[PDB]
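Dumped protein-v4.cif below, it's mmCIF, C-alpha atoms and all ligand atoms:
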```cif
data_input
#
loop_
_atom_site.label_atom_id
_atom_site.label_comp_id
_atom_site.auth_asym_id
_atom_site.auth_seq_id
_atom_site.Cartn_x
_atom_site.Cartn_y
_atom_site.Cartn_z
CA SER A 2 9.85 -24.67 -12.60
CA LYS A 3 9.03 -28.15 -13.99
CA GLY A 4 8.45 -29.40 -10.48
CA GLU A 5 5.73 -26.96 -9.53
CA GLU A 6 3.56 -28.62 -12.24
CA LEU A 7 3.31 -31.72 -9.99
CA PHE A 8 1.49 -29.78 -7.31
CA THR A 9 -1.45 -28.15 -9.11
CA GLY A 10 -3.89 -30.73 -7.77
CA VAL A 11 -4.42 -32.90 -4.65
CA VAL A 12 -1.38 -35.12 -4.06
CA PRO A 13 -1.46 -38.21 -1.80
CA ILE A 14 1.18 -38.14 0.96
CA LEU A 15 2.93 -40.90 2.88
CA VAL A 16 5.13 -40.18 5.92
CA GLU A 17 7.31 -42.80 7.57
CA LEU A 18 9.47 -42.08 10.59
CA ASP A 19 11.86 -44.29 12.58
CA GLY A 20 12.86 -42.80 15.92
CA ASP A 21 15.20 -43.35 18.83
CA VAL A 22 14.93 -40.88 21.72
CA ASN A 23 17.08 -41.75 24.74
CA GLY A 24 16.88 -45.36 23.61
CA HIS A 25 13.12 -45.34 23.31
CA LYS A 26 12.52 -46.79 19.82
CA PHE A 27 9.36 -45.86 17.96
CA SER A 28 7.91 -45.63 14.40
CA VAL A 29 5.23 -43.37 13.00
CA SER A 30 3.27 -43.88 9.79
CA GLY A 31 1.16 -41.11 8.30
CA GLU A 32 -1.29 -40.87 5.42
CA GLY A 33 -3.23 -37.99 3.86
CA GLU A 34 -3.02 -35.43 1.11
CA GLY A 35 -1.70 -32.00 0.23
CA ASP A 36 -3.19 -29.29 -1.95
CA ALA A 37 -0.49 -26.69 -2.46
CA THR A 38 -2.92 -24.41 -4.29
CA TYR A 39 -4.39 -23.72 -0.84
CA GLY A 40 -1.23 -24.46 1.14
CA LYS A 41 -3.25 -27.21 2.77
CA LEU A 42 -2.24 -30.46 4.44
CA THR A 43 -4.55 -33.06 6.01
CA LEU A 44 -2.74 -36.00 7.61
CA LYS A 45 -3.31 -38.75 10.16
CA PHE A 46 -0.30 -40.19 11.94
CA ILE A 47 -0.20 -43.40 13.91
CA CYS A 48 2.47 -44.70 16.28
CA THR A 49 2.77 -48.23 15.01
CA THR A 50 5.02 -49.46 17.81
CA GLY A 51 2.75 -48.60 20.79
CA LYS A 52 2.73 -45.47 22.94
CA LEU A 53 4.65 -42.54 21.53
CA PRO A 54 7.52 -41.84 23.96
CA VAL A 55 7.61 -38.11 23.22
CA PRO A 56 4.74 -35.62 22.82
CA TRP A 57 3.13 -35.50 19.39
CA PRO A 58 3.60 -31.71 19.03
CA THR A 59 7.34 -32.22 19.18
CA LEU A 60 7.22 -34.26 15.96
CA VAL A 61 5.00 -31.91 13.89
CA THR A 62 7.83 -30.08 12.19
CA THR A 63 9.66 -33.34 11.35
CA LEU A 64 6.56 -35.07 9.99
CA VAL A 68 6.68 -31.53 3.42
CA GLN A 69 7.25 -27.88 2.68
CA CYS A 70 6.67 -28.51 -1.00
CA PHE A 71 2.96 -28.13 -0.10
CA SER A 72 3.39 -24.51 0.94
CA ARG A 73 1.37 -22.01 -1.07
CA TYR A 74 3.85 -19.79 -2.93
CA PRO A 75 1.97 -16.78 -4.27
CA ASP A 76 2.30 -16.36 -8.02
CA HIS A 77 4.49 -13.33 -7.61
CA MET A 78 6.98 -15.39 -5.57
CA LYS A 79 6.96 -18.57 -7.53
CA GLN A 80 10.62 -18.12 -8.52
CA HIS A 81 11.55 -18.59 -4.86
CA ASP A 82 10.02 -22.09 -4.33
CA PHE A 83 12.98 -24.36 -3.95
CA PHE A 84 10.93 -27.21 -2.59
CA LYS A 85 8.78 -27.88 -5.63
CA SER A 86 11.70 -27.15 -7.97
CA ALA A 87 13.60 -30.15 -6.61
CA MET A 88 10.77 -32.53 -7.55
CA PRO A 89 10.19 -35.23 -8.52
CA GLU A 90 13.76 -36.38 -7.64
CA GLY A 91 13.35 -34.68 -4.29
CA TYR A 92 15.45 -33.23 -1.55
CA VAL A 93 17.18 -34.18 1.67
CA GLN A 94 15.95 -32.25 4.73
CA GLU A 95 18.17 -32.25 7.83
CA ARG A 96 17.52 -30.54 11.13
CA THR A 97 18.90 -30.06 14.57
CA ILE A 98 16.09 -29.25 16.98
CA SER A 99 17.48 -28.03 20.27
CA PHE A 100 15.00 -28.09 23.17
CA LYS A 101 16.02 -25.35 25.65
CA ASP A 102 17.30 -26.80 28.93
CA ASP A 103 16.82 -30.32 27.53
CA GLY A 104 17.90 -32.63 24.72
CA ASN A 105 18.02 -32.43 20.97
CA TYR A 106 16.63 -34.16 17.94
CA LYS A 107 18.73 -34.67 14.84
CA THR A 108 16.64 -35.61 11.83
CA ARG A 109 17.38 -36.68 8.23
CA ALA A 110 14.59 -37.02 5.76
CA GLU A 111 14.20 -37.72 2.07
CA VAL A 112 11.19 -36.07 0.44
CA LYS A 113 10.46 -37.29 -3.06
CA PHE A 114 7.81 -38.71 -5.34
CA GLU A 115 7.23 -42.48 -5.44
CA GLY A 116 4.96 -42.66 -8.43
CA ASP A 117 2.31 -40.02 -7.96
CA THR A 118 2.66 -40.08 -4.16
CA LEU A 119 4.77 -37.57 -2.20
CA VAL A 120 6.80 -39.47 0.42
CA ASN A 121 8.59 -38.15 3.47
CA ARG A 122 10.95 -40.76 4.95
CA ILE A 123 12.65 -39.76 8.19
CA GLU A 124 15.23 -40.98 10.65
CA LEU A 125 15.09 -39.20 14.02
CA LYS A 126 17.67 -39.46 16.80
CA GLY A 127 17.14 -37.77 20.17
CA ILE A 128 19.77 -37.58 22.85
CA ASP A 129 20.42 -35.97 26.22
CA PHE A 130 16.80 -35.67 27.23
CA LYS A 131 15.89 -35.30 30.89
CA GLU A 132 13.87 -38.24 32.24
CA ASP A 133 11.19 -35.93 33.66
CA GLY A 134 11.69 -32.86 31.57
CA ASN A 135 8.90 -31.50 29.43
CA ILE A 136 9.49 -33.97 26.60
CA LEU A 137 10.03 -37.35 28.27
CA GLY A 138 7.72 -36.29 31.06
CA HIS A 139 4.90 -35.52 28.59
CA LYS A 140 4.22 -32.01 29.98
CA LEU A 141 3.39 -30.39 26.64
CA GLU A 142 -0.12 -29.48 25.63
CA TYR A 143 -1.67 -31.08 22.55
CA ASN A 144 -1.61 -28.03 20.32
CA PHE A 145 0.78 -26.16 18.08
CA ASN A 146 1.33 -22.43 17.69
CA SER A 147 1.34 -20.41 14.48
CA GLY A 148 4.76 -19.18 13.45
CA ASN A 149 7.16 -18.32 10.67
CA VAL A 150 9.94 -20.35 9.07
CA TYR A 151 12.75 -18.14 7.80
CA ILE A 152 14.38 -19.36 4.58
CA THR A 153 17.70 -18.34 3.06
CA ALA A 154 19.62 -19.66 0.10
CA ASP A 155 22.63 -21.95 0.49
CA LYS A 156 24.30 -21.47 -2.88
CA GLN A 157 27.34 -23.70 -2.14
CA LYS A 158 25.03 -26.65 -1.37
CA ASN A 159 22.66 -25.77 -4.20
CA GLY A 160 19.93 -25.58 -1.61
CA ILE A 161 18.42 -23.70 1.30
CA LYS A 162 18.69 -23.24 5.04
CA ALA A 163 16.01 -22.32 7.51
CA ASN A 164 16.02 -21.05 11.09
CA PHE A 165 13.07 -20.74 13.36
CA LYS A 166 11.98 -20.99 16.98
CA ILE A 167 9.08 -23.24 17.86
CA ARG A 168 7.36 -22.52 21.17
CA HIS A 169 5.65 -25.58 22.63
CA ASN A 170 3.01 -24.72 25.23
CA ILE A 171 3.67 -26.41 28.59
CA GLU A 172 0.65 -27.56 30.57
CA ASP A 173 1.42 -25.01 33.35
CA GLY A 174 1.25 -21.95 31.07
CA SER A 175 4.95 -21.72 30.29
CA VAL A 176 6.75 -22.43 27.02
CA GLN A 177 9.31 -25.00 25.89
CA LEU A 178 11.49 -23.51 23.21
CA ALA A 179 12.67 -25.74 20.35
CA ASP A 180 15.25 -23.98 18.23
CA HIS A 181 15.24 -25.34 14.67
CA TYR A 182 18.23 -25.27 12.29
CA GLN A 183 17.44 -26.78 8.87
CA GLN A 184 19.31 -27.57 5.67
CA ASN A 185 17.88 -28.88 2.42
CA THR A 186 19.76 -30.08 -0.63
CA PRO A 187 18.48 -31.55 -3.88
CA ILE A 188 18.74 -35.25 -4.59
CA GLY A 189 18.72 -34.86 -8.35
CA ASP A 190 21.08 -33.12 -10.82
CA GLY A 191 18.55 -30.75 -12.42
CA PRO A 192 18.53 -27.06 -11.66
CA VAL A 193 16.65 -25.81 -8.62
CA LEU A 194 15.38 -22.39 -7.52
CA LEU A 195 17.60 -20.60 -5.03
CA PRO A 196 15.42 -18.11 -3.22
CA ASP A 197 15.73 -14.66 -1.83
CA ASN A 198 15.17 -14.41 1.88
CA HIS A 199 11.57 -15.06 2.73
CA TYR A 200 9.44 -16.95 5.21
CA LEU A 201 6.67 -19.50 5.50
CA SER A 202 3.74 -18.65 7.75
CA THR A 203 2.18 -21.70 9.33
CA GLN A 204 -0.98 -22.54 11.19
CA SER A 205 -1.69 -25.99 12.58
CA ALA A 206 -4.63 -27.71 14.26
CA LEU A 207 -4.17 -30.96 16.14
CA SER A 208 -7.03 -33.35 16.90
CA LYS A 209 -8.00 -36.98 17.54
CA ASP A 210 -10.00 -39.47 15.55
CA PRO A 211 -12.80 -40.48 17.94
CA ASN A 212 -12.81 -44.00 16.51
CA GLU A 213 -9.03 -44.54 16.80
CA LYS A 214 -7.63 -46.52 19.74
CA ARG A 215 -3.99 -46.37 18.63
CA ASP A 216 -1.75 -43.46 19.72
CA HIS A 217 -2.16 -40.99 16.85
CA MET A 218 -2.39 -37.39 15.68
CA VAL A 219 -4.79 -35.77 13.19
CA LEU A 220 -3.20 -32.66 11.67
CA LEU A 221 -4.62 -29.87 9.55
CA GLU A 222 -2.01 -27.33 8.45
CA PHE A 223 -1.97 -24.25 6.25
CA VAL A 224 1.33 -22.77 5.06
CA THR A 225 1.79 -19.68 2.95
CA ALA A 226 4.99 -18.13 1.69
CA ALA A 227 5.47 -14.40 2.29
CA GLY A 228 8.18 -11.80 2.81
CA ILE A 229 8.81 -10.66 -0.76
MG MG B 1 -2.01 -21.98 28.14
#
```
Serialized structure, structure tokens:
Amino acid sequence: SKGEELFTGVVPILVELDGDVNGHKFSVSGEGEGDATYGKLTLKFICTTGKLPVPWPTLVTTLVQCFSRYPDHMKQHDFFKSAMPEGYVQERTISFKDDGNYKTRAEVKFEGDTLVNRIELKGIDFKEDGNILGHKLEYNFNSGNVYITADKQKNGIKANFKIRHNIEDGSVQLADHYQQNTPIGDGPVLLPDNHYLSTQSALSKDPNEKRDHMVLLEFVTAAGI
């Protein structure tokens, strides 16, 4: 597609999130770059409002699947880049087992030559000392797959996947993800066959950073065709 041409090099990324979880208001700003040729993302996120009131790993999936590496033989299945530069809306319900849920709405689009992800996040029905508001999740993030299917009536895609957040005691907090994406623009997009994205993510800290923050390195590769 026309859009995939925008991703042949390194692309600067901006992420901006506004959040309310159980009435705890917070904002996150991220900066970095994506190189879809290698499925590679490098980003640093900062909580600009103070302490983040939820664990950082629980925001990883919310905080740009257009940077996935689609192998040449599957390029006709890359919805995400096909919607660019006008972009797409990405909506999710993330259901934390035995706890609350996030509902998210994001717009992913180019602003000049920069890929922007703008997100509103609302979290409700969280337990005051559950694994999320009680900060009982380890600072890491497991490898996993994101299963994509076409949504022809919405000219878009859906995804379903199960994130497993490691709890500090050796157990797991499941976060069921249901996702829908729809184009913003009126140009044609690629509606894919069933496939998945395979992810790997490394979380770290900037030793010189005193603000609450997350350094993220992620690799994502499309597969399943
Ligand atoms: Mg462990």
Test item: residues at most 12 Å from residue 182 (chain A), all atoms listed in the file, excluding those fewer than 2 positions along its chain, as a list in words: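 Those residues are residues 62, 63, 94, 95, 96, 97, 98, 99, 100, 105, 106, 107, 108, 150, 151, 152, 153, 161, 162, 163, 164, 165, 166, 167, 179, 180, 184 and 185 of chain A.
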Any chance you could export the current selection's C-alpha atoms as a PDB file, keeping the file's coordinate frame?
```pdb
ATOM      1  CA  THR A  62       7.830 -30.080  12.190  1.00  0.00           C
ATOM      2  CA  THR A  63       9.660 -33.340  11.350  1.00  0.00           C
ATOM      3  CA  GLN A  94      15.950 -32.250   4.730  1.00  0.00           C
ATOM      4  CA  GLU A  95      18.170 -32.250   7.830  1.00  0.00           C
ATOM      5  CA  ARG A  96      17.520 -30.540  11.130  1.00  0.00           C
ATOM      6  CA  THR A  97      18.900 -30.060  14.570  1.00  0.00           C
ATOM      7  CA  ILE A  98      16.090 -29.250  16.980  1.00  0.00           C
ATOM      8  CA  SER A  99      17.480 -28.030  20.270  1.00  0.00           C
ATOM      9  CA  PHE A 100      15.000 -28.090  23.170  1.00  0.00           C
ATOM     10  CA  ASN A 105      18.020 -32.430  20.970  1.00  0.00           C
ATOM     11  CA  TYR A 106      16.630 -34.160  17.940  1.00  0.00           C
ATOM     12  CA  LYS A 107      18.730 -34.670  14.840  1.00  0.00           C
ATOM     13  CA  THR A 108      16.640 -35.610  11.830  1.00  0.00           C
ATOM     14  CA  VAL A 150       9.940 -20.350   9.070  1.00  0.00           C
ATOM     15  CA  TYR A 151      12.750 -18.140   7.800  1.00  0.00           C
ATOM     16  CA  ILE A 152      14.380 -19.360   4.580  1.00  0.00           C
ATOM     17  CA  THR A 153      17.700 -18.340   3.060  1.00  0.00           C
ATOM     18  CA  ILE A 161      18.420 -23.700   1.300  1.00  0.00           C
ATOM     19  CA  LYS A 162      18.690 -23.240   5.040  1.00  0.00           C
ATOM     20  CA  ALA A 163      16.010 -22.320   7.510  1.00  0.00           C
ATOM     21  CA  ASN A 164      16.020 -21.050  11.090  1.00  0.00           C
ATOM     22  CA  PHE A 165      13.070 -20.740  13.360  1.00  0.00           C
ATOM     23  CA  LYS A 166      11.980 -20.990  16.980  1.00  0.00           C
ATOM     24  CA  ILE A 167       9.080 -23.240  17.860  1.00  0.00           C
ATOM     25  CA  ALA A 179      12.670 -25.740  20.350  1.00  0.00           C
ATOM     26  CA  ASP A 180      15.250 -23.980  18.230  1.00  0.00           C
ATOM     27  CA  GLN A 184      19.310 -27.570   5.670  1.00  0.00           C
ATOM     28  CA  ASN A 185      17.880 -28.880   2.420  1.00  0.00           C
TER      29      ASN A 185
END
```
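With the cut-off set to 8 Å and all atoms listed in the file counted, the residues surrounding ligand MG 1 (chain B) are residues 170, 171, 172, 173, 174 and 175 of chain A.
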Go ahead and save the residues from that selection, with C-alpha atoms, as a tab-separated table (two decimals), in the frame of the given file.
```
chain	number	residue	atom	x	y	z
A	170	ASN	CA	3.01	-24.72	25.23
A	171	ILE	CA	3.67	-26.41	28.59
A	172	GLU	CA	0.65	-27.56	30.57
A	173	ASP	CA	1.42	-25.01	33.35
A	174	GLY	CA	1.25	-21.95	31.07
A	175	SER	CA	4.95	-21.72	30.29
```
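Distance check against residue 141 (chain A) using all atoms listed in the file: of A:121, A:198, A:72, A:59, the minimum falls on A:59.
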Coordinates-based distance that separates CA of residue 123 (chain A) from CA of residue 102 (chain A) (Å, one decimal): 24.9 Å
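Closest to residue 84 (chain A) among A:206, A:16, A:193, A:229 is A:193, based on all atoms listed in the file.
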Kindly provide the residues of region 97-214 of chain A that approach region 34-54 of chain A to within 10 Å, each paired with its closest atom pair and their distance in Å to one decimal, based on all atoms listed in the file, listed by chain and increasing number, as a tab-separated table.
```
residue	atom	partner	partner_atom	distance
A:118	CA	A:34	CA	9.0
A:119	CA	A:34	CA	8.7
A:136	CA	A:54	CA	8.5
A:137	CA	A:54	CA	6.7
A:138	CA	A:54	CA	9.0
A:139	CA	A:54	CA	8.3
A:203	CA	A:40	CA	9.3
A:204	CA	A:41	CA	9.9
A:205	CA	A:42	CA	9.3
A:206	CA	A:43	CA	9.8
A:207	CA	A:45	CA	9.9
A:208	CA	A:45	CA	9.4
A:209	CA	A:45	CA	8.9
A:210	CA	A:45	CA	8.6
A:213	CA	A:47	CA	9.4
A:214	CA	A:47	CA	9.9
```
Atom pair CA of residue 8 (chain A) / CA of residue 125 (chain A): separation (Å): 27.0 Å
Length of the CA of residue 127 (chain A) to CA of residue 31 (chain A) vector [Å]: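 Between CA of residue 127 (chain A) and CA of residue 31 (chain A) the gap works out to 20.2 Å.
Candidate residues A:212, A:135, A:144, A:80 were compared for distance to residue 2 (chain A), and the nearest is A:80, using all atoms listed in the file.
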Residue among A:189, A:21, A:148, A:58 lying closest to residue 223 (chain A), counting only C-alpha atoms: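 Of all the options, A:148 lies closest to residue 223 (chain A).
Here the question is which of A:202, A:183, A:146, A:69 gets nearest to residue 82 (chain A) using all atoms listed in the file, and that residue is A:69.
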Selected residue, from A:116, A:129, A:197, A:216, that lies nearest to residue 28 (chain A) when counting all atoms listed in the file: A:216
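A search radius of 10 Å centred on (6.1, -39.8, -3.7), applied to all atoms listed in the file, returns the residues residues 12, 13, 14, 15, 16, 88, 89, 90, 91, 112, 113, 114, 115, 116, 117, 118, 119, 120, 121 and 122 of chain A.
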Place N, CA and C atoms on region 4-33 of chain A and deliver the coordinates as a PDB file, keeping the file's coordinate frame.
```
ATOM      1  N   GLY A   4       9.031 -28.701 -11.629  1.00  0.00           N
ATOM      2  CA  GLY A   4       8.450 -29.400 -10.480  1.00  0.00           C
ATOM      3  C   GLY A   4       7.150 -28.872  -9.961  1.00  0.00           C
ATOM      4  N   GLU A   5       6.927 -27.572 -10.094  1.00  0.00           N
ATOM      5  CA  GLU A   5       5.730 -26.960  -9.530  1.00  0.00           C
ATOM      6  C   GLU A   5       4.516 -27.547 -10.258  1.00  0.00           C
ATOM      7  N   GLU A   6       4.681 -28.039 -11.478  1.00  0.00           N
ATOM      8  CA  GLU A   6       3.560 -28.620 -12.240  1.00  0.00           C
ATOM      9  C   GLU A   6       2.976 -29.859 -11.560  1.00  0.00           C
ATOM     10  N   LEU A   7       3.740 -30.511 -10.715  1.00  0.00           N
ATOM     11  CA  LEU A   7       3.310 -31.720  -9.990  1.00  0.00           C
ATOM     12  C   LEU A   7       2.379 -31.420  -8.842  1.00  0.00           C
ATOM     13  N   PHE A   8       2.206 -30.138  -8.506  1.00  0.00           N
ATOM     14  CA  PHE A   8       1.490 -29.780  -7.310  1.00  0.00           C
ATOM     15  C   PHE A   8       0.232 -28.973  -7.592  1.00  0.00           C
ATOM     16  N   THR A   9      -0.277 -28.962  -8.823  1.00  0.00           N
ATOM     17  CA  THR A   9      -1.450 -28.150  -9.110  1.00  0.00           C
ATOM     18  C   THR A   9      -2.764 -28.750  -8.630  1.00  0.00           C
ATOM     19  N   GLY A  10      -2.727 -30.027  -8.286  1.00  0.00           N
ATOM     20  CA  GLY A  10      -3.890 -30.730  -7.770  1.00  0.00           C
ATOM     21  C   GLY A  10      -3.647 -31.316  -6.386  1.00  0.00           C
ATOM     22  N   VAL A  11      -4.540 -32.160  -5.904  1.00  0.00           N
ATOM     23  CA  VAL A  11      -4.420 -32.900  -4.650  1.00  0.00           C
ATOM     24  C   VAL A  11      -3.429 -34.039  -4.869  1.00  0.00           C
ATOM     25  N   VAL A  12      -2.451 -34.167  -4.007  1.00  0.00           N
ATOM     26  CA  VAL A  12      -1.380 -35.120  -4.060  1.00  0.00           C
ATOM     27  C   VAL A  12      -1.440 -36.014  -2.807  1.00  0.00           C
ATOM     28  N   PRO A  13      -1.496 -37.332  -2.988  1.00  0.00           N
ATOM     29  CA  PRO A  13      -1.460 -38.210  -1.800  1.00  0.00           C
ATOM     30  C   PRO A  13      -0.076 -38.106  -1.154  1.00  0.00           C
ATOM     31  N   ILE A  14      -0.041 -38.218   0.182  1.00  0.00           N
ATOM     32  CA  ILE A  14       1.180 -38.140   0.960  1.00  0.00           C
ATOM     33  C   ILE A  14       1.307 -39.371   1.848  1.00  0.00           C
ATOM     34  N   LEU A  15       2.525 -39.890   1.916  1.00  0.00           N
ATOM     35  CA  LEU A  15       2.930 -40.900   2.880  1.00  0.00           C
ATOM     36  C   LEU A  15       4.104 -40.377   3.719  1.00  0.00           C
ATOM     37  N   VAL A  16       4.050 -40.576   5.029  1.00  0.00           N
ATOM     38  CA  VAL A  16       5.130 -40.180   5.920  1.00  0.00           C
ATOM     39  C   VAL A  16       5.529 -41.438   6.700  1.00  0.00           C
ATOM     40  N   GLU A  17       6.809 -41.724   6.772  1.00  0.00           N
ATOM     41  CA  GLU A  17       7.310 -42.800   7.570  1.00  0.00           C
ATOM     42  C   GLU A  17       8.520 -42.337   8.380  1.00  0.00           C
ATOM     43  N   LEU A  18       8.406 -42.475   9.679  1.00  0.00           N
ATOM     44  CA  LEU A  18       9.470 -42.080  10.590  1.00  0.00           C
ATOM     45  C   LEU A  18       9.904 -43.270  11.455  1.00  0.00           C
ATOM     46  N   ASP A  19      11.214 -43.402  11.606  1.00  0.00           N
ATOM     47  CA  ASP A  19      11.860 -44.290  12.580  1.00  0.00           C
ATOM     48  C   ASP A  19      12.606 -43.423  13.587  1.00  0.00           C
ATOM     49  N   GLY A  20      12.342 -43.642  14.861  1.00  0.00           N
ATOM     50  CA  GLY A  20      12.860 -42.800  15.920  1.00  0.00           C
ATOM     51  C   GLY A  20      13.564 -43.566  17.025  1.00  0.00           C
ATOM     52  N   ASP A  21      14.554 -42.902  17.603  1.00  0.00           N
ATOM     53  CA  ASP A  21      15.200 -43.350  18.830  1.00  0.00           C
ATOM     54  C   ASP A  21      15.412 -42.082  19.674  1.00  0.00           C
ATOM     55  N   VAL A  22      14.694 -41.985  20.790  1.00  0.00           N
ATOM     56  CA  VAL A  22      14.930 -40.880  21.720  1.00  0.00           C
ATOM     57  C   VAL A  22      15.343 -41.469  23.061  1.00  0.00           C
ATOM     58  N   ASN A  23      16.580 -41.233  23.473  1.00  0.00           N
ATOM     59  CA  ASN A  23      17.080 -41.750  24.740  1.00  0.00           C
ATOM     60  C   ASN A  23      16.905 -43.262  24.796  1.00  0.00           C
ATOM     61  N   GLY A  24      17.018 -43.918  23.653  1.00  0.00           N
ATOM     62  CA  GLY A  24      16.880 -45.360  23.610  1.00  0.00           C
ATOM     63  C   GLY A  24      15.456 -45.859  23.514  1.00  0.00           C
ATOM     64  N   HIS A  25      14.491 -44.944  23.564  1.00  0.00           N
ATOM     65  CA  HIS A  25      13.120 -45.340  23.310  1.00  0.00           C
ATOM     66  C   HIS A  25      12.912 -45.411  21.786  1.00  0.00           C
ATOM     67  N   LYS A  26      12.668 -46.614  21.285  1.00  0.00           N
ATOM     68  CA  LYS A  26      12.520 -46.790  19.820  1.00  0.00           C
ATOM     69  C   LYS A  26      11.065 -46.693  19.452  1.00  0.00           C
ATOM     70  N   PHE A  27      10.741 -46.013  18.385  1.00  0.00           N
ATOM     71  CA  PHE A  27       9.360 -45.860  17.960  1.00  0.00           C
ATOM     72  C   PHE A  27       9.354 -45.611  16.450  1.00  0.00           C
ATOM     73  N   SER A  28       8.301 -45.850  15.725  1.00  0.00           N
ATOM     74  CA  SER A  28       7.910 -45.630  14.400  1.00  0.00           C
ATOM     75  C   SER A  28       6.526 -44.972  14.302  1.00  0.00           C
ATOM     76  N   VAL A  29       6.438 -44.088  13.328  1.00  0.00           N
ATOM     77  CA  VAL A  29       5.230 -43.370  13.000  1.00  0.00           C
ATOM     78  C   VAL A  29       4.956 -43.514  11.500  1.00  0.00           C
ATOM     79  N   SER A  30       3.730 -43.831  11.167  1.00  0.00           N
ATOM     80  CA  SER A  30       3.270 -43.880   9.790  1.00  0.00           C
ATOM     81  C   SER A  30       2.146 -42.867   9.610  1.00  0.00           C
ATOM     82  N   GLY A  31       2.241 -42.048   8.562  1.00  0.00           N
ATOM     83  CA  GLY A  31       1.160 -41.110   8.300  1.00  0.00           C
ATOM     84  C   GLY A  31       0.655 -41.245   6.876  1.00  0.00           C
ATOM     85  N   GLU A  32      -0.622 -40.918   6.692  1.00  0.00           N
ATOM     86  CA  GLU A  32      -1.290 -40.870   5.420  1.00  0.00           C
ATOM     87  C   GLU A  32      -2.160 -39.622   5.293  1.00  0.00           C
ATOM     88  N   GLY A  33      -2.281 -39.074   4.105  1.00  0.00           N
ATOM     89  CA  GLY A  33      -3.230 -37.990   3.860  1.00  0.00           C
ATOM     90  C   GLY A  33      -2.966 -37.384   2.513  1.00  0.00           C
TER      91      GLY A  33
END
```
